[PDB]
Amino acid sequence: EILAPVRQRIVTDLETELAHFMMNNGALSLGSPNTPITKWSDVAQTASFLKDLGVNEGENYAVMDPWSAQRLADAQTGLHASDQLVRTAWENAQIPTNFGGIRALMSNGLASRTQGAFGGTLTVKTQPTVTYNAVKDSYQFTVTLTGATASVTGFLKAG
Amino acid sequence: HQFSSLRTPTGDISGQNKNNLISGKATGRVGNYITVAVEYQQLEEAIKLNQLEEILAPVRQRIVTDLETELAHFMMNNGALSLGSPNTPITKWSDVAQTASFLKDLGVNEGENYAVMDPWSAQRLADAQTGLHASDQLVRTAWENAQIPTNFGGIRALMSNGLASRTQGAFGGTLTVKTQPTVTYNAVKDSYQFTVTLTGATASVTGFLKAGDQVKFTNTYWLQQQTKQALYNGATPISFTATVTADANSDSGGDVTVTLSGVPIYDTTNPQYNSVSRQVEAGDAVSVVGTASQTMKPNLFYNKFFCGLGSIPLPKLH
Amino acid sequence: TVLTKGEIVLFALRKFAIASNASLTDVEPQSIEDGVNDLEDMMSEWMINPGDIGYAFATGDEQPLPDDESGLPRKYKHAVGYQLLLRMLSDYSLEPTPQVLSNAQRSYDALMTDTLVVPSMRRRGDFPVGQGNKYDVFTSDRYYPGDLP
Amino acid sequence: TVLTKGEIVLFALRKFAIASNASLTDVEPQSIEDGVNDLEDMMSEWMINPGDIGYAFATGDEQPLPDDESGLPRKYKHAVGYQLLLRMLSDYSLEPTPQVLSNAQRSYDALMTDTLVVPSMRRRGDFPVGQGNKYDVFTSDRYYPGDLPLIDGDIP
Amino acid sequence: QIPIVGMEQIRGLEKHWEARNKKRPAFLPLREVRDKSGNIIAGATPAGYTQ
Amino acid sequence: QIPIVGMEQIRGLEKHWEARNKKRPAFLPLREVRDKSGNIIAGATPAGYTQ
Amino acid sequence: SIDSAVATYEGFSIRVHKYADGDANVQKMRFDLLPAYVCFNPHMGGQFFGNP
Amino acid sequence: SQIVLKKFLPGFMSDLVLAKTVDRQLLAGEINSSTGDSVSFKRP
C-alpha cells in the first residue's frame with residue numbers, strides 16, 4: 001500500500017522543483033503577465049521570437065494550463081474549411097501537436113509564483129561590469145537600483 | 001494514503017518527524033425496501049381476471065423507475081462540485097467542456113467521466129451544433145436526427161428524462177460565518193462533512209436552506225490535490241463550494257446551522273491532506289448560488305468512482 | 001432524590017444506633033467529617049478492586065463536605081453504608097453482630113452481581129480460518145487477526 | 001489532597017480509641033513522635049516484600065516531622081494506617097479485635113492487587129524458529145535471541 | 001470444559017486469565033474463599049469444571 | 001497446564017519461577033498460606049493446576 | 001548491513017531501505033533520490049503570457 | 001463499519017511533461033565518484 005503513492009510524491013516534488021528552476025533561470029519574456037492566453041497569436045509569438053533569435057539545432061516546446069487549452073480548442077472550433085480539425089476540436093477538445101509552429105503541451109501540475117510588492121520609478125545607479133571576461137562562466141551579473149520605496153522587505157521576489 | 005517529503009543536503013533526518021499512517025474509511029449503508037403488492041378474490045380470478053400476466057407486466061419497470069428516481073435524488077444531494085449558475089441554461093459548447101476541464105484540473109485520473117442533461121438542453125446543443133462550418137456529416141446528423149456525438153467536449157454526454165427536480169428555498173441577507181469550524185483531517189476523515197453556523201440571515205424563515213443548495217466561500221480557493229497549487233481559471237481563481245445536506249431553519253437574530261458535504265481541509269500539523277488554500281476564519285463572507293425560490297431540474301456531472309449502487313439479493317420465505 | 005455524602009454517614013450511624021433522629025444524644029460534628037473522609041478514602045480504594053460506580057470526587061485543592069452530591073444511584077446505598085459501617089465500627093470500640101455481617105455480605109454480593117463483567121477469549125491469531133469462509137475477499141481472512149490495539 | 005505524615009498517625013489513633021473526639025481524649029506528642037518514627041521505619045522495610053509505592057524518605061541531615069508531605073497516593077492510606085495500627089497496638093498492650101484484623105487483611109489484599117505483575121516465560125534461546133517466518137528475509141534470526149540485546153556494531 | 005469460580009475470587013484479575021493461551025505466564029493468580037467473618041474456608045483453586 | 005498461586009504467596013520470588021527452564025535451580029522457594037491471625041492453614045505447594 | 005532494493009518509475013531510480021532502530025517495535029523505511037541540474041544558455045527560454 | 005474492502009479508493013495524480021522534454025542525454029552518468037560534485041561543459 002505504501003509503494004503506490006510515494007513514487008508519485010517523489011516525482012511530483014522533483015518536477016515542481018524543476019519547473020521552479022526553469023522559470024527562475026529563464027531570461028526571455030513575452031506579453032503582459034495579467035492577460036491570459038486566448039487567441040492563436042499568443043502561442044505563435046513564442047515560435048516567431050525563437051526563430052528570430054536564431055536558434056535552430058534542437059526542438060522548441062510551449063507548456064500551458066488545461067483551462068488555456070479549452071480557450072484554444074474553442075477558438076479552433078470556429079474554423080472554416082478543415083473538417084478533421086473542427087471535428088476533433090468539437091468531439092475531444094484536443095489541439096494538434098504543432099500549434100503555430102511549436103510543440104504545444106498540456107500540464108495541470110504547474111508551479112505558481114508571487115510578484116512581490118514594489119513601487120517607484122526605478123533606475124540604475126552605478127554602471128555594472130558586463131564585459132565577457134566577467135560573465136563567461138555564469139551569464140549572471142549584479143546591478144544596483146535606486147529610486148525605490150523607503151524600506152520594504154521582499155521588494156523583488158525570485159522569478 | 002498521502003505523504004510528505006523532506007529536503008536535506010546530505011540525508012540526515014535524525015531530528016525530523018516521519019509520516020504516520022492516518023487511515024480514513026468510507027462507509028455505505030442499506031436503505032428501505034421497495035414493495036409492490038396486489039390482491040384479488042378467488043371469484044374474480046375464476047370469472048373475471050384474464051390475461052393476468054399482461055396486466056401485471058409493468059410492476060418491474062415501476063420498481064426500477066422508483067429506484068432510479070431516488071438514486072438521482074441521492075446523487076444530487078451528495079455532490080460537492082459546482083459550475084455556473086442556475087439562472088442560465090446550457091446554450092454553447094463551452095458550457096459542457098468546462099466540466100471536463102475542471103475534472104482534469106483537479107487531478108482525476110482513473111475511470112470515465114459522464115455528463116447528463118435534460119432533453120431541452122440537448123435540443124439547444126444540437127441547434128448550436130447545426131451552425132458548424134466544416135463537418136458536413138456531423139451537421140447533417142444534427143440537422144436531421146437532432147442528435148449529438150457520444151463524445152462532446154472531451155466528456156461523454158448523455159440525455160435522460162428521468163432526472164428529478166429540486167427547489168431552492170427562500171434566503172436573503174449578506175451571509176457570514178459566525179464561529180470557526182473544525183476542519184482538521186483527524187476529525188473529518190470519517191464522513192467528509194462539516195457543520196457551520198451563519199449570521200445575517202432573515203428574521204425567521206422556515207426552510208431557509210433546502211436540500212441540494214450550494215454554498216460558495218468567496219475568499220478561499222480550491223487546490224489541485226497532488227501538487228498543492230491553487231486553481232486559476234485565467235484571471236479568476238476558483239472558489240471552494242459545498243452542498244446543503246438537510247433542511248435548515250432560521251431563528252431570531254439571523255442564525256442558521258447547516259451541514260455540508262465536502263470539506264475545506266486545512267491541517268497545520270498534517271499538511272499532506274490539505275485540499276484548500278486557506279482556513280475558513282470567522283467573519284468570512286459566503287453566498288448561495290441560485291435564486292430565492294427558483295425551481296429547476298439540475299444537470300449532473302461526475303466520475304465513475306463518485307457513487308456506487310448495489311442490489312442485495314433477498315432470500316426465500318418458509 | 002439525589003444522594004448526598006452526608007446521608008450515607010447518617011444511615012450508617014442509625015443502623016447500629018450510635019445516633020438517630022430520636023437518640024436524645026447526638027455525635028459531635030467532627031465525627032461527621034471524619035466519616036465523610038473515611039467514605040472518600042474507602043471509595044478511593046474501591047477504585048481498585050471493584051469497578052468505578054460513578055462516585056464524585058472532590059477534584060482540586062478543596063475538601064469534601066457532607067452536603068456534596070455523591071453521584072451514586074440509590075441501589076448502591078445499602079451496600080456502601082454497610083461497608084462503611086463495618087469499616088468504622090472500631091472507631092467507637094464496638095463489635096458487629098452476625099446479622100449485620102450477613103446483611104452486609106448480601107448487599108455486597110448484590111453489588112458485585114450488578115457490576116459483573118466476563119471477558120471472552122479471542123483466538124491466538126495464527127489459527128487458520130476455514131476454507132469455507134471464502135478467505136480471499138478481505139484481509140485477516142487467511143488467518144485470524146487476534147486481539148486488536 | 002495532600003496526605004501528610006501526621007494524617008496517617010492520627011488516622012490510626014482515630015480508628016482505634018487512643019485519641020479521638022468520640023473517646024474525648026486529647027492527643028499526646030510522644031505518641032505522635034513514636035508513630036511517625038515507626039511509620040518511617042516500616043516504609044523503609046517495605047522496600048522488599050510489598051515493593052516501592054512512592055514514599056518520600058527524609059534526607060540524612062534532618063528528622064521526620066508530622067506536618068511534612070509524604071507522597072503516598074490517596075488510594076493507599078487505609079492499608080498503610082491499618083498495617084501501622086497492627087504494628088503499633090502492642091505498644092499500649094492491647095489486643096486487636098477480629099474485625100480490625102479482617103479490615104487490615106482486606107485493605108492489604110486491595111493494595112497487593114494494584115502492584116501485581118505476572119512475568120512471561122520468554123523462549124530459551126536454543127529453540128528453533130520455523131520456516132513459516134521466513135528467517136532468510138523477514139527476520140534475521142534463525143533462532144530465538146534469548147538474553148542477547150539488539151546488535152549496535154559499536155558495542156560487540 | 002470451563003472453570004467455575006466466584007465473583008469475589010477473580011475480580012480484578014480477569015485480564016491474566018483471559019490471555020492464558022496467547023502469553024506464557026509463569027503462574028496464574030487467584031484468591032481464596034472467605035466467609036462473612038473473614039475466615040478462610042476453601043483454597044485458591046477453582047471450584048470445579050463443566051462436564 | 002499453568003500453576004495457580006496466591007499473590008501474597010509468591011511476591012518477591014517471581015524471578016526464580018520465571019527462569020526455571022533456562023537455569024538449573026536446586027530448588028524453588030515459595031511461602032505458606034496464612035489466615036488473618038497469622039496461623040498457617042496450608043502448605044507451601046501450589047494450590048493447583050489448570051486442566 | 002541494511003535491507004535495500006531499487007524501484008524504477010519512468011526512468012528514475014529510487015533506493016528503499018528498512019531498519020529497526022529503536023526498541024519500541026517501530027519499523028522504519030526511507031526513500032531517496034538525488035537529482036542534478038544545469039542551465040546551459042539563459043537566452044533560449046523564459047516565460048510568456050497573453051497580450052490585449 | 002467493521003467490514004472493509006480491499007481495493008483502495010482511487011486518488012488524484014498530476015501529469016508529467018517537463019521531465020520528458022528537457023535534455024537528459026548530455027548529462028547522464030557524468031557526475032561519478034571521480035568528477036566530484038560538479039562538471040562543466042564547453043561553449044562555442
# chains A, B, ... in the order shown; residues from 1 in each chain; ligands from 1
>>> calpha_fit_and_write(fixed="chain F", moving="chain E", output="mmCIF file with N, CA and C atoms, in the first residue's frame")
data_model
loop_
_atom_site.group_PDB
_atom_site.id
_atom_site.type_symbol
_atom_site.label_atom_id
_atom_site.label_comp_id
_atom_site.auth_asym_id
_atom_site.auth_seq_id
_atom_site.Cartn_x
_atom_site.Cartn_y
_atom_site.Cartn_z
ATOM 1 N N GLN E 1 -0.724 -26.687 30.899
ATOM 2 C CA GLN E 1 -1.019 -26.552 32.319
ATOM 3 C C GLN E 1 -0.230 -25.392 32.909
ATOM 4 N N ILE E 2 -0.878 -24.628 33.784
ATOM 5 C CA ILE E 2 -0.238 -23.507 34.467
ATOM 6 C C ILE E 2 -0.507 -23.623 35.964
ATOM 7 N N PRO E 3 0.501 -23.458 36.818
ATOM 8 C CA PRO E 3 0.251 -23.470 38.263
ATOM 9 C C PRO E 3 -0.543 -22.251 38.706
ATOM 10 N N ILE E 4 -1.278 -22.419 39.804
ATOM 11 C CA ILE E 4 -2.094 -21.361 40.388
ATOM 12 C C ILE E 4 -1.610 -21.117 41.810
ATOM 13 N N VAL E 5 -1.320 -19.854 42.130
ATOM 14 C CA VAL E 5 -0.806 -19.463 43.437
ATOM 15 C C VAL E 5 -1.491 -18.173 43.874
ATOM 16 N N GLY E 6 -1.281 -17.816 45.144
ATOM 17 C CA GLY E 6 -1.780 -16.562 45.663
ATOM 18 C C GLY E 6 -0.762 -15.440 45.559
ATOM 19 N N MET E 7 -1.264 -14.203 45.610
ATOM 20 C CA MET E 7 -0.385 -13.046 45.465
ATOM 21 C C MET E 7 0.612 -12.952 46.614
ATOM 22 N N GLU E 8 0.154 -13.167 47.844
ATOM 23 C CA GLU E 8 1.023 -13.114 49.012
ATOM 24 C C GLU E 8 1.973 -14.298 49.098
ATOM 25 N N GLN E 9 1.767 -15.330 48.285
ATOM 26 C CA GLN E 9 2.583 -16.533 48.340
ATOM 27 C C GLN E 9 3.838 -16.446 47.483
ATOM 28 N N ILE E 10 3.798 -15.706 46.373
ATOM 29 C CA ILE E 10 4.905 -15.653 45.427
ATOM 30 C C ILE E 10 5.497 -14.260 45.291
ATOM 31 N N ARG E 11 4.943 -13.261 45.975
ATOM 32 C CA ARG E 11 5.447 -11.899 45.862
ATOM 33 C C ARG E 11 6.899 -11.821 46.318
ATOM 34 N N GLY E 12 7.740 -11.206 45.490
ATOM 35 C CA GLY E 12 9.155 -11.101 45.768
ATOM 36 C C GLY E 12 9.989 -12.276 45.307
ATOM 37 N N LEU E 13 9.362 -13.326 44.766
ATOM 38 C CA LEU E 13 10.068 -14.533 44.354
ATOM 39 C C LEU E 13 9.776 -14.889 42.900
ATOM 40 N N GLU E 14 9.270 -13.936 42.114
ATOM 41 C CA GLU E 14 8.818 -14.244 40.761
ATOM 42 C C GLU E 14 9.978 -14.540 39.818
ATOM 43 N N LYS E 15 11.137 -13.919 40.041
ATOM 44 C CA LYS E 15 12.256 -14.090 39.118
ATOM 45 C C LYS E 15 12.798 -15.514 39.137
ATOM 46 N N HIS E 16 12.646 -16.224 40.256
ATOM 47 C CA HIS E 16 13.125 -17.600 40.322
ATOM 48 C C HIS E 16 12.211 -18.540 39.546
ATOM 49 N N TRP E 17 10.898 -18.330 39.633
ATOM 50 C CA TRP E 17 9.948 -19.140 38.884
ATOM 51 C C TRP E 17 9.905 -18.777 37.408
ATOM 52 N N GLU E 18 10.277 -17.545 37.052
ATOM 53 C CA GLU E 18 10.218 -17.127 35.656
ATOM 54 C C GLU E 18 11.242 -17.866 34.805
ATOM 55 N N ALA E 19 12.421 -18.140 35.359
ATOM 56 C CA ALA E 19 13.528 -18.735 34.617
ATOM 57 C C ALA E 19 13.821 -20.163 35.070
ATOM 58 N N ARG E 20 12.781 -20.908 35.450
ATOM 59 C CA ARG E 20 12.985 -22.276 35.911
ATOM 60 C C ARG E 20 13.329 -23.238 34.782
ATOM 61 N N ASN E 21 13.156 -22.835 33.523
ATOM 62 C CA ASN E 21 13.450 -23.707 32.395
ATOM 63 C C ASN E 21 14.773 -23.388 31.711
ATOM 64 N N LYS E 22 15.349 -22.214 31.966
ATOM 65 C CA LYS E 22 16.642 -21.852 31.396
ATOM 66 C C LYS E 22 17.785 -22.174 32.351
ATOM 67 N N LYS E 23 17.662 -21.764 33.609
ATOM 68 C CA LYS E 23 18.651 -22.098 34.617
ATOM 69 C C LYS E 23 18.367 -23.488 35.180
ATOM 70 N N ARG E 24 19.222 -23.937 36.095
ATOM 71 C CA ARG E 24 19.111 -25.262 36.701
ATOM 72 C C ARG E 24 19.126 -25.115 38.216
ATOM 73 N N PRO E 25 18.057 -24.574 38.796
ATOM 74 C CA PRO E 25 18.034 -24.370 40.246
ATOM 75 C C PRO E 25 17.957 -25.688 40.998
ATOM 76 N N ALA E 26 18.555 -25.697 42.190
ATOM 77 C CA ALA E 26 18.478 -26.878 43.042
ATOM 78 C C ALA E 26 17.104 -27.015 43.682
ATOM 79 N N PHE E 27 16.386 -25.907 43.843
ATOM 80 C CA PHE E 27 15.059 -25.922 44.441
ATOM 81 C C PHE E 27 14.339 -24.645 44.038
ATOM 82 N N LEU E 28 13.051 -24.586 44.372
ATOM 83 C CA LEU E 28 12.229 -23.415 44.126
ATOM 84 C C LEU E 28 11.632 -22.925 45.437
ATOM 85 N N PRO E 29 11.744 -21.639 45.753
ATOM 86 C CA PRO E 29 11.170 -21.122 46.997
ATOM 87 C C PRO E 29 9.741 -20.637 46.827
ATOM 88 N N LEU E 30 8.941 -20.889 47.862
ATOM 89 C CA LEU E 30 7.558 -20.434 47.891
ATOM 90 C C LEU E 30 7.097 -20.448 49.342
ATOM 91 N N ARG E 31 6.109 -19.612 49.644
ATOM 92 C CA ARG E 31 5.650 -19.416 51.012
ATOM 93 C C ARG E 31 4.407 -20.251 51.302
ATOM 94 N N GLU E 32 3.977 -20.200 52.557
ATOM 95 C CA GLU E 32 2.785 -20.896 53.010
ATOM 96 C C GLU E 32 1.586 -19.951 53.021
ATOM 97 N N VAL E 33 0.404 -20.532 53.183
ATOM 98 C CA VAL E 33 -0.840 -19.774 53.230
ATOM 99 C C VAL E 33 -1.187 -19.492 54.684
ATOM 100 N N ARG E 34 -1.413 -18.220 55.001
ATOM 101 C CA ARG E 34 -1.720 -17.788 56.355
ATOM 102 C C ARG E 34 -3.043 -17.035 56.379
ATOM 103 N N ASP E 35 -3.763 -17.173 57.488
ATOM 104 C CA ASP E 35 -5.037 -16.492 57.665
ATOM 105 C C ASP E 35 -4.788 -15.075 58.180
ATOM 106 N N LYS E 36 -5.855 -14.395 58.607
ATOM 107 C CA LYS E 36 -5.722 -13.017 59.065
ATOM 108 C C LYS E 36 -5.059 -12.916 60.432
ATOM 109 N N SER E 37 -5.035 -14.000 61.204
ATOM 110 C CA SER E 37 -4.405 -14.001 62.517
ATOM 111 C C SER E 37 -2.963 -14.491 62.487
ATOM 112 N N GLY E 38 -2.451 -14.880 61.320
ATOM 113 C CA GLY E 38 -1.080 -15.323 61.194
ATOM 114 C C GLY E 38 -0.861 -16.814 61.321
ATOM 115 N N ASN E 39 -1.922 -17.602 61.461
ATOM 116 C CA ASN E 39 -1.784 -19.046 61.576
ATOM 117 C C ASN E 39 -1.653 -19.685 60.198
ATOM 118 N N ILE E 40 -0.870 -20.756 60.134
ATOM 119 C CA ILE E 40 -0.650 -21.469 58.880
ATOM 120 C C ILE E 40 -1.774 -22.473 58.672
ATOM 121 N N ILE E 41 -2.437 -22.388 57.522
ATOM 122 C CA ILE E 41 -3.549 -23.276 57.201
ATOM 123 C C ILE E 41 -3.271 -24.169 56.003
ATOM 124 N N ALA E 42 -2.266 -23.861 55.187
ATOM 125 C CA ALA E 42 -1.945 -24.677 54.027
ATOM 126 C C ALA E 42 -0.439 -24.683 53.824
ATOM 127 N N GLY E 43 0.036 -25.695 53.104
ATOM 128 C CA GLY E 43 1.454 -25.859 52.866
ATOM 129 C C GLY E 43 1.984 -24.915 51.806
ATOM 130 N N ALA E 44 3.272 -25.077 51.512
ATOM 131 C CA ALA E 44 3.962 -24.227 50.551
ATOM 132 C C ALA E 44 3.810 -24.704 49.114
ATOM 133 N N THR E 45 3.069 -25.781 48.876
ATOM 134 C CA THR E 45 2.852 -26.253 47.519
ATOM 135 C C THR E 45 1.860 -25.344 46.792
ATOM 136 N N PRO E 46 1.931 -25.280 45.461
ATOM 137 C CA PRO E 46 0.920 -24.529 44.709
ATOM 138 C C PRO E 46 -0.473 -25.103 44.915
ATOM 139 N N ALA E 47 -1.472 -24.221 44.829
ATOM 140 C CA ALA E 47 -2.849 -24.627 45.086
ATOM 141 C C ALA E 47 -3.335 -25.650 44.065
ATOM 142 N N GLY E 48 -2.989 -25.462 42.798
ATOM 143 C CA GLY E 48 -3.429 -26.392 41.778
ATOM 144 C C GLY E 48 -2.908 -25.995 40.416
ATOM 145 N N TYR E 49 -3.379 -26.720 39.405
ATOM 146 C CA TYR E 49 -2.992 -26.495 38.021
ATOM 147 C C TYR E 49 -4.239 -26.439 37.150
ATOM 148 N N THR E 50 -4.107 -25.780 36.002
ATOM 149 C CA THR E 50 -5.201 -25.725 35.046
ATOM 150 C C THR E 50 -5.328 -27.054 34.307
ATOM 151 N N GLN E 51 -6.494 -27.264 33.699
ATOM 152 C CA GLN E 51 -6.751 -28.520 33.007
ATOM 153 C C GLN E 51 -6.499 -28.368 31.516
#
>>> interface_residues(of="chain H", to="chain A", cutoff="10 Å", atoms="only C-alpha atoms", output="ChimeraX atom specification")
/H:8,11-19,21-23,40,42-43
>>> write_last_selection(atoms="N, CA and C atoms", output="PDB file, in the first residue's frame")
ATOM      1  N   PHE H   8      -8.184  -0.147  -2.605  1.00  0.00           N
ATOM      2  CA  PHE H   8      -8.047   1.237  -2.188  1.00  0.00           C
ATOM      3  C   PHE H   8      -8.789   2.145  -3.159  1.00  0.00           C
ATOM      4  N   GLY H  11      -7.173   7.744  -6.117  1.00  0.00           N
ATOM      5  CA  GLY H  11      -6.760   9.060  -5.672  1.00  0.00           C
ATOM      6  C   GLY H  11      -6.512  10.024  -6.812  1.00  0.00           C
ATOM      7  N   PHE H  12      -5.815  11.119  -6.527  1.00  0.00           N
ATOM      8  CA  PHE H  12      -5.502  12.135  -7.518  1.00  0.00           C
ATOM      9  C   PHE H  12      -4.042  12.022  -7.937  1.00  0.00           C
ATOM     10  N   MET H  13      -3.739  12.534  -9.129  1.00  0.00           N
ATOM     11  CA  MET H  13      -2.407  12.399  -9.702  1.00  0.00           C
ATOM     12  C   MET H  13      -2.191  13.496 -10.734  1.00  0.00           C
ATOM     13  N   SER H  14      -0.978  14.046 -10.773  1.00  0.00           N
ATOM     14  CA  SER H  14      -0.630  15.088 -11.732  1.00  0.00           C
ATOM     15  C   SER H  14      -0.122  14.455 -13.027  1.00  0.00           C
ATOM     16  N   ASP H  15       0.380  15.281 -13.943  1.00  0.00           N
ATOM     17  CA  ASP H  15       0.880  14.794 -15.220  1.00  0.00           C
ATOM     18  C   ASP H  15       2.320  15.247 -15.412  1.00  0.00           C
ATOM     19  N   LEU H  16       3.007  14.585 -16.341  1.00  0.00           N
ATOM     20  CA  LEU H  16       4.455  14.692 -16.492  1.00  0.00           C
ATOM     21  C   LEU H  16       4.772  15.102 -17.925  1.00  0.00           C
ATOM     22  N   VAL H  17       5.162  16.360 -18.121  1.00  0.00           N
ATOM     23  CA  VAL H  17       5.568  16.813 -19.447  1.00  0.00           C
ATOM     24  C   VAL H  17       6.920  17.510 -19.382  1.00  0.00           C
ATOM     25  N   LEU H  18       7.280  18.024 -18.206  1.00  0.00           N
ATOM     26  CA  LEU H  18       8.527  18.775 -18.085  1.00  0.00           C
ATOM     27  C   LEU H  18       9.738  17.855 -18.163  1.00  0.00           C
ATOM     28  N   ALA H  19       9.697  16.727 -17.453  1.00  0.00           N
ATOM     29  CA  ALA H  19      10.847  15.828 -17.430  1.00  0.00           C
ATOM     30  C   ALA H  19      11.096  15.206 -18.797  1.00  0.00           C
ATOM     31  N   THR H  21      10.715  16.478 -21.663  1.00  0.00           N
ATOM     32  CA  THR H  21      11.101  17.426 -22.701  1.00  0.00           C
ATOM     33  C   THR H  21      12.508  17.979 -22.509  1.00  0.00           C
ATOM     34  N   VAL H  22      12.980  18.086 -21.268  1.00  0.00           N
ATOM     35  CA  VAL H  22      14.308  18.630 -21.002  1.00  0.00           C
ATOM     36  C   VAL H  22      15.364  17.684 -21.555  1.00  0.00           C
ATOM     37  N   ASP H  23      16.593  18.171 -21.676  1.00  0.00           N
ATOM     38  CA  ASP H  23      17.673  17.406 -22.285  1.00  0.00           C
ATOM     39  C   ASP H  23      18.299  16.500 -21.230  1.00  0.00           C
ATOM     40  N   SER H  40      31.567  20.535 -15.858  1.00  0.00           N
ATOM     41  CA  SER H  40      31.384  21.702 -16.705  1.00  0.00           C
ATOM     42  C   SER H  40      31.569  21.333 -18.169  1.00  0.00           C
ATOM     43  N   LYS H  42      31.759  22.925 -22.403  1.00  0.00           N
ATOM     44  CA  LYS H  42      32.414  23.998 -23.132  1.00  0.00           C
ATOM     45  C   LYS H  42      31.372  24.898 -23.791  1.00  0.00           C
ATOM     46  N   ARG H  43      31.840  25.973 -24.417  1.00  0.00           N
ATOM     47  CA  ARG H  43      30.971  26.941 -25.062  1.00  0.00           C
ATOM     48  C   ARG H  43      31.483  27.220 -26.466  1.00  0.00           C
TER      49      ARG H  43
END
>>> residues_around(residues="residue 13 (chain G)", least_positions_apart="2", cutoff="10 Å", atoms="only C-alpha atoms", output="JSON, numbers by chain")
{"A": [7], "G": [6, 7, 8, 9, 10, 11, 15, 16, 32, 33, 34]}
>>> select_by_dssp(residues="region 5-99 of chain C", states="helix (DSSP H, G or I)", output="short mmCIF file (atom, residue, chain, number, x, y, z; two decimals) with C-alpha atoms, in the first residue's frame")
data_model
loop_
_atom_site.label_atom_id
_atom_site.label_comp_id
_atom_site.auth_asym_id
_atom_site.auth_seq_id
_atom_site.Cartn_x
_atom_site.Cartn_y
_atom_site.Cartn_z
CA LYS C 5 -22.42 12.02 51.05
CA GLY C 6 -23.77 13.02 54.46
CA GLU C 7 -26.86 10.83 54.15
CA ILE C 8 -24.76 7.65 53.97
CA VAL C 9 -22.97 8.55 57.21
CA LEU C 10 -26.30 9.21 58.93
CA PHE C 11 -27.60 5.87 57.66
CA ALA C 12 -24.51 4.08 58.96
CA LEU C 13 -24.92 5.67 62.39
CA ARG C 14 -28.64 4.88 62.59
CA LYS C 15 -28.23 1.26 61.52
CA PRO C 29 -19.85 17.48 64.13
CA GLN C 30 -16.20 16.39 63.95
CA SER C 31 -17.29 12.75 63.76
CA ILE C 32 -19.42 13.57 60.71
CA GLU C 33 -16.45 14.99 58.82
CA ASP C 34 -14.34 12.03 59.95
CA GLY C 35 -16.95 9.71 58.48
CA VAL C 36 -17.04 11.70 55.24
CA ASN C 37 -13.25 11.44 54.94
CA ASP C 38 -13.43 7.71 55.66
CA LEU C 39 -16.07 7.29 52.94
CA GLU C 40 -13.96 9.24 50.45
CA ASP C 41 -10.87 7.13 51.13
CA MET C 42 -12.92 3.93 51.02
CA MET C 43 -14.16 4.89 47.55
CA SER C 44 -10.58 5.77 46.56
CA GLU C 45 -9.53 2.21 47.42
CA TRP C 46 -12.72 0.79 45.87
CA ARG C 74 -29.96 4.70 45.12
CA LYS C 75 -29.41 0.97 44.55
CA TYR C 76 -25.86 1.15 45.97
CA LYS C 77 -26.87 2.95 49.18
CA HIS C 78 -27.23 -0.09 51.44
CA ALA C 79 -24.05 -1.69 50.12
CA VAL C 80 -21.93 1.43 50.62
CA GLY C 81 -23.47 2.16 54.02
CA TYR C 82 -22.93 -1.36 55.33
CA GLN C 83 -19.33 -1.44 54.10
CA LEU C 84 -18.61 1.93 55.70
CA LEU C 85 -20.25 0.81 58.95
CA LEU C 86 -18.09 -2.31 59.04
CA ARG C 87 -15.06 -0.10 58.35
CA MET C 88 -15.79 2.43 61.11
CA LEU C 89 -17.33 0.37 63.94
CA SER C 90 -13.92 0.01 65.62
CA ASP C 91 -13.75 3.81 65.92
CA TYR C 92 -16.36 3.62 68.70
CA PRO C 98 -23.73 -11.80 62.87
CA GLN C 99 -26.97 -10.48 61.36
#
>>> residues_around(residues="residue 51 (chain G)", least_positions_apart="4", cutoff="10 Å", atoms="only C-alpha atoms", output="ChimeraX atom specification")
/A:30-39,41-42
>>> interface_residues(of="chain G", to="chain A", cutoff="6 Å", atoms="only C-alpha atoms", output="PDB file with N, CA, C and O atoms, in the first residue's frame")
ATOM      1  N   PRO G  42      20.809  30.919 -20.778  1.00  0.00           N
ATOM      2  CA  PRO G  42      19.540  31.548 -20.381  1.00  0.00           C
ATOM      3  C   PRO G  42      18.775  32.169 -21.534  1.00  0.00           C
ATOM      4  O   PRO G  42      17.564  32.384 -21.401  1.00  0.00           O
ATOM      5  N   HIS G  43      19.428  32.460 -22.659  1.00  0.00           N
ATOM      6  CA  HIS G  43      18.797  33.154 -23.771  1.00  0.00           C
ATOM      7  C   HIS G  43      18.019  32.222 -24.693  1.00  0.00           C
ATOM      8  O   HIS G  43      17.700  32.611 -25.820  1.00  0.00           O
ATOM      9  N   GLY G  45      15.017  30.487 -23.553  1.00  0.00           N
ATOM     10  CA  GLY G  45      13.858  30.117 -22.769  1.00  0.00           C
ATOM     11  C   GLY G  45      13.394  31.274 -21.914  1.00  0.00           C
ATOM     12  O   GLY G  45      13.983  32.359 -21.917  1.00  0.00           O
ATOM     13  N   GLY G  46      12.325  31.022 -21.183  1.00  0.00           N
ATOM     14  CA  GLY G  46      11.769  32.021 -20.294  1.00  0.00           C
ATOM     15  C   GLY G  46      10.272  31.818 -20.125  1.00  0.00           C
ATOM     16  O   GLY G  46       9.767  30.709 -20.280  1.00  0.00           O
ATOM     17  N   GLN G  47       9.592  32.914 -19.801  1.00  0.00           N
ATOM     18  CA  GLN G  47       8.160  32.927 -19.554  1.00  0.00           C
ATOM     19  C   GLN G  47       7.444  33.686 -20.661  1.00  0.00           C
ATOM     20  O   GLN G  47       8.047  34.469 -21.399  1.00  0.00           O
ATOM     21  N   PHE G  48       6.139  33.447 -20.769  1.00  0.00           N
ATOM     22  CA  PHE G  48       5.328  34.147 -21.755  1.00  0.00           C
ATOM     23  C   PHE G  48       3.873  34.123 -21.311  1.00  0.00           C
ATOM     24  O   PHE G  48       3.388  33.132 -20.761  1.00  0.00           O
ATOM     25  N   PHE G  49       3.188  35.236 -21.559  1.00  0.00           N
ATOM     26  CA  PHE G  49       1.781  35.388 -21.215  1.00  0.00           C
ATOM     27  C   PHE G  49       1.050  35.924 -22.439  1.00  0.00           C
ATOM     28  O   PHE G  49       1.630  36.078 -23.517  1.00  0.00           O
ATOM     29  N   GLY G  50      -0.237  36.213 -22.271  1.00  0.00           N
ATOM     30  CA  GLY G  50      -1.012  36.805 -23.335  1.00  0.00           C
ATOM     31  C   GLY G  50      -0.986  38.320 -23.299  1.00  0.00           C
ATOM     32  O   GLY G  50      -0.611  38.934 -22.302  1.00  0.00           O
ATOM     33  N   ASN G  51      -1.390  38.925 -24.409  1.00  0.00           N
ATOM     34  CA  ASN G  51      -1.429  40.372 -24.526  1.00  0.00           C
ATOM     35  C   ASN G  51      -2.787  40.823 -25.040  1.00  0.00           C
ATOM     36  O   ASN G  51      -3.462  40.082 -25.760  1.00  0.00           O
TER      37      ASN G  51
END
